[PDB]
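As given, the protein sequences belong to chains A, B and C, one line each in that order.
Going by our numbering, the first residue of the first sequence is number 1, and it counts up by one from there.
Going by our numbering, the first residue of the second sequence is number 107, and it counts up by one from there.
Going by our numbering, the first residue of the third sequence is number 317, and it counts up by one from there.
Input: a single structure, listed below in structure tokens.
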Amino acid sequence: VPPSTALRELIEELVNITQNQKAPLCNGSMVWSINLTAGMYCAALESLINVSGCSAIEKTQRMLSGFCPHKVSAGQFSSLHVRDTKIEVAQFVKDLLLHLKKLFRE
Amino acid sequence: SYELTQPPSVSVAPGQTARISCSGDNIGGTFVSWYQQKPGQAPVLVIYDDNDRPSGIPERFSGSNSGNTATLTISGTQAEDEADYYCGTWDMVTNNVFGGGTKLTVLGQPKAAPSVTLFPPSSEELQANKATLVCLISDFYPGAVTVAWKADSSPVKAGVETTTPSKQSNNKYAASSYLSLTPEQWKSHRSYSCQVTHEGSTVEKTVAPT
Amino acid sequence: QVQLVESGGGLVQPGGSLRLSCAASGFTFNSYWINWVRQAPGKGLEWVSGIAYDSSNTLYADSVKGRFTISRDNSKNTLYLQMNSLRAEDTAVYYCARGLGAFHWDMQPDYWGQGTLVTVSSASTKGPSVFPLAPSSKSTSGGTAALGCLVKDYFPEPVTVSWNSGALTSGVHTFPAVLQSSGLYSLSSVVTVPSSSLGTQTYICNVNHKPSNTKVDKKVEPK
């Protein structure tokens, strides 16, 4: 299956910030994990949306925004991460990347 | 152990055909069912036994199963086919397994204006020493809205609780905002307004006390 | 018409216990394997348990084994699920969905109930206060008007709302809930009705909070 143009742009950016970032990503900011599921992009978007101190993620966030059909707002306080667990942004990003990467392993 | 995987999103222009893949090792070796689930509804079956379609389901639905991928094909892709779609099987070891599911979207729905309806604190509520204004927004698309409340043409930041929009049965979006006030605050001002921005256009309904 | 109706969901304390049950109708309950399948808000589908037509076989998900207990009574045409040691990640909509055949090798569901929402948390069940959203013609088409009910300050989800005991059905819009800072819910239900029939037609919203076993029939009158 060939690559959505907007999609490989996201894959690239993800790759960059995972590969290129020197110190930890967003310095000990810990976010909610995700699964290769359904609202995946939004989920990701929501999960990132919360970290505020970090610029490295803002492009990624924007990128993700195009993928989510509805508006995601920061601090939508809820018990919806019942199945998810808190992880380092660095690791979060990478997972996302792999999952996206995997869609194209035929 | 055994897990089926689907891409979590697929877009098609309307009428033109749609393809959803479900992958797993030796998937052709079992029977694949496909379920359709729309926002806030239980899942409905559309395909079973790889390729059988139950009574009810339009003919544009079809599925094959081959070695390592199963594919749900929707030819003549329609608006009302927008949904989350799941593959499901049975495995000796792990039994009933389900894929991640995939979120299908038909491309190029035309922009749609919101329908704001704003209610004032009920007489009961006020009588109870509470007060809530109720700002209900229906039928808009894309699913993106900014709500803001004004107290005598002055922004009210605190006491707002607003939902993140959600897909309506008709594939537009619905959201609602609620403002909590002390009966003093509510009686004190001339009026209050919630104001909804949906893509450049704004609708501002206002309401005032007796 | 094939019909599976679950009930028994609510707030259950972590480490607590709950019994769900599903009530079949419109088919030969005896001839089918029946499953319990759950779904966490947002997350996909997970099969929990299933039971043979004659109860010769009982089968459980690994994540759920030794804590849950599935069972059936083919006379009352009811399936049951006994859940214990409930972790928080046990929270989900719980569907009862019918297999294709009568034995595990055909357990794939075809018909799914409407589900019941178990909510495993160490919070407290709280009931709602209903208020009449009095009818306004302001934002509605010629000759018709909008009247509603605010369902304030409850936990956990869900809330059944209908109007005039189910009789009045079209015009009704029951909005999705709002999760507040308080970590409590609130919804609104708005019906649209003839402007002229105000002052003759009685309008009543039937609220239901099965979690708290609370019911309100708020009458909505003109201001």
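Just so it is clear, CB atoms sit at the ideal spot from N, CA and C, and this is done for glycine as well.
Inset, instruction - With 8 Å as the threshold, decide whether the Cβ of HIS81 (chain A) is near any Cβ in chain B. - result: Using a Cβ-Cβ cut-off of 8 Å, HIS81 (chain A) does not count as an interface residue toward chain B, since no Cβ of chain B sits closer than that to its own.
inquiry  = Taking the straight line between their C-alpha atoms, what separation do you get for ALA368 (chain C) and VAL353 (chain C)?
reply    = Answer to the nearest angstrom: the Cα atoms are 15 Å apart.
Q) When burial is assigned at 16 or more other CB atoms within 10 Å of the CB, is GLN319 (chain C) buried or exposed? A) Exposed is the call here.
So, under 8 Å CB-CB, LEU7 (chain A) and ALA90 (chain A) are touching, yes? Tell me the CB distance rounded to an integer number of Å. Rounded to the nearest angstrom, the Cβ distance from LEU7 (chain A) to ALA90 (chain A) is 22 Å, too far for a contact under 8 Å.
Closer than 7 Å between beta carbons: that is the criterion. Which residues of the region 277-303 of chain B meet it against chain C? Residues of the region 277-303 of chain B that bring their beta carbon within less than 7 Å of a beta carbon in chain C comprise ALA280, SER282 and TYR284, in sequence order.
Query raised in the report: Along chain B, which residues have their Cβ under 8 Å away from the Cβ of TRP363 (chain C)?
Result: Here the neighbours are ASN201, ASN202, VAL203 and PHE204.
>> Going by DSSP, what residue range makes up the alpha helix (DSSP H) through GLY66 (chain A)?
In response: The continuous alpha helix (DSSP H) containing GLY66 (chain A) extends over residues 58-67.
Contact list for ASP426 (chain C) against chain B, beta-carbon separation under 9 Å
Here the neighbours are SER139, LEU151, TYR154 and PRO160.
Under 8 Å, Cβ to Cβ, is there at least one residue of chain B near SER73 (chain A)? With respect to chain B, the C-beta atom of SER73 (chain A) has a partner C-beta closer than 8 Å.
Original post:
Can you tell me whether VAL506 (chain C) is buried or exposed, with buried defined as 16 or more other CB within 10 angstroms of its CB?
Top reply: Classification for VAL506 (chain C): buried.
*the region 252-259 of chain B contacting the region 298-306 of chain B, beta-carbon criterion three pairs below 8 Å*: The region 252-259 of chain B makes contact with the region 298-306 of chain B, as at least three CB pairs between them are under 8 Å.
Could you check what DSSP says for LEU48 (chain A) in three-state terms: helix, strand or coil? Reduced to three states, the DSSP call for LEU48 (chain A) is helix.
>> Taking 8 Å as the threshold (beta carbon to beta carbon), is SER47 (chain A) in contact with chain C?
In response: Output row for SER47 (chain A): interface = no.
(Q) Does the CB of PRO69 (chain A) have a neighbour CB from chain B at under 8 Å? (A) By this cut-off, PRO69 (chain A) is an interface position.
List the residues of chain A that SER379 (chain C) touches, going by C-beta distances under 9 Å, in chain order. Going along chain A, no residue has its Cβ under 9 Å from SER379 (chain C), so there is no contact; the nearest lies around 11 Å.
Buried or exposed for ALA38 (chain A), please, with buried defined as at least 16 other CB atoms from any protein chain shown within 10 angstroms of its CB.
-> Its Cβ being crowded by 16 or more others within 10 Å, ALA38 (chain A) is buried.
* To do: Using a threshold of 8 Å, state whether the C-beta atoms of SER437 (chain C) and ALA408 (chain C) are closer than that.
  => For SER437 (chain C) and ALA408 (chain C), no; Cβs fall outside 8 Å.
- Query: Which whole-angstrom value describes the C-beta separation of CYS465 (chain C) and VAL446 (chain C), a residue pair presumed to lie in contact below a C-beta threshold of 8 Å?
  - Reply: Correct: roughly 5 Å between the Cβ atoms.
_On the DSSP bridge list, what partners appear for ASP258 (chain B)?_
Here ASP258 (chain B) is not bridged, per DSSP, to any residue.
- Task: Indicate whether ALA124 (chain B) and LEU210 (chain B) have their beta-carbon atoms separated by less than 8 Å.
- Result: Yes; because the gap between Cβ atoms is below 8 Å, this pair is in contact.
* **Through-space distance from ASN393 (chain C) to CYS128 (chain B), alpha-carbon basis** => Rounded to whole angstroms, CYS128 (chain B) and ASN393 (chain C) show a C-alpha spacing of 35 Å.
Query raised in the report: Name the DSSP beta bridge partners of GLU322 (chain C), please?
Result: Under DSSP, the beta-bridge partners assigned to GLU322 (chain C) are C:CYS338.
Under 8 Å between beta-carbons, which chain C residues line up against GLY39 (chain A)? List them in chain order, please. Residues of chain C passing the Cβ test: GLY358.
Q) If you draw a straight line from the alpha carbon of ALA148 (chain B) to that of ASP190 (chain B), how long is it in whole angstroms? A) Taking the straight line joining both Cα atoms gives about 11 Å.
Practice problem: Tell me whether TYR519 (chain C) sits in a helix, a strand or coil according to DSSP, three-state version. | Solution: The DSSP-derived three-state label of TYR519 (chain C) is coil.
### Residues that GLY130 (chain B) contacts on chain C, provided the C-beta gap is smaller than 9 Å
Result: empty, since nearest Cβ-Cβ is about 15 Å, beyond 9 Å.
Any chain C beta carbon closer than 8 Å to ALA90 (chain A):
Cβ-Cβ to chain C under 8 Å: no for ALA90 (chain A).
| message | Could you pull the DSSP bridge partners for residue 266 (chain C) from this structure? | response | In the structure as shown, chain C begins at 317 and stops at 539. Residue 266 (chain C) is therefore absent and cannot be evaluated.
Exercise for review: Determine the contact status of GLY134 (chain B) and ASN157 (chain B), defining contact as a CB-CB distance below 8 Å.
Suggested key: No, these two residues do not count as a Cβ contact at 8 Å.
Check: Counting only beta-carbon atoms, is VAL251 (chain B) nearer than 8 Å to chain A?
Finding: Answer yes: the Cβ-Cβ gap between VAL251 (chain B) and chain A drops below 8 Å somewhere.
Select from the region 215-240 of chain B all residues with a C-beta closer than 9 Å to any C-beta belonging to chain C, and list them in chain order.
-> Residues of the region 215-240 of chain B with a C-beta atom less than 9 Å from some C-beta of chain C are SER221, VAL222, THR223, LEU224, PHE225, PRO226, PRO227, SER228, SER229, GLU230, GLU231, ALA234, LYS236, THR238 and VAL240, listed in chain order.
From the DSSP output, which residues share a beta bridge with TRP292 (chain B)?
According to DSSP, which records beta bridges pairwise, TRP292 (chain B) is partnered with nothing at all.
Rounding to the nearest angstrom, what Cα-Cα distance links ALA339 (chain C) and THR308 (chain B) in this structure? Rounded to whole angstroms, the gap between the alpha carbons of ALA339 (chain C) and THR308 (chain B) is 48 Å.
Worksheet item: What does a CB cutoff of less than 6 Å around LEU287 (chain B) pick up in its chain, not counting 5 residues either side in sequence?
Response: Excluding sequence neighbours, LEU287 (chain B) sits near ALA237.
Item to complete: Evaluate contact between the region 267-274 of chain B and the region 478-485 of chain C, counting only Cβ atoms and requiring at least three cross-stretch pairs below 8 Å.
Response: By the C-beta criterion, the region 267-274 of chain B is judged not to be in contact with the region 478-485 of chain C, since fewer than 3 inter-stretch pairs fall below 8 Å.
Margin query: Going residue by residue through the region 429-503 of chain C, where are the continuous beta strand (DSSP E) segments of at least 3 residues, counting only ones entirely within it?
Written below: Positions of the beta strand (DSSP E) runs, each at least 3 residues long and wholly inside the region 429-503 of chain C, are given as 432-436, 445-452, 460-470 and 476-479 in order along the chain.
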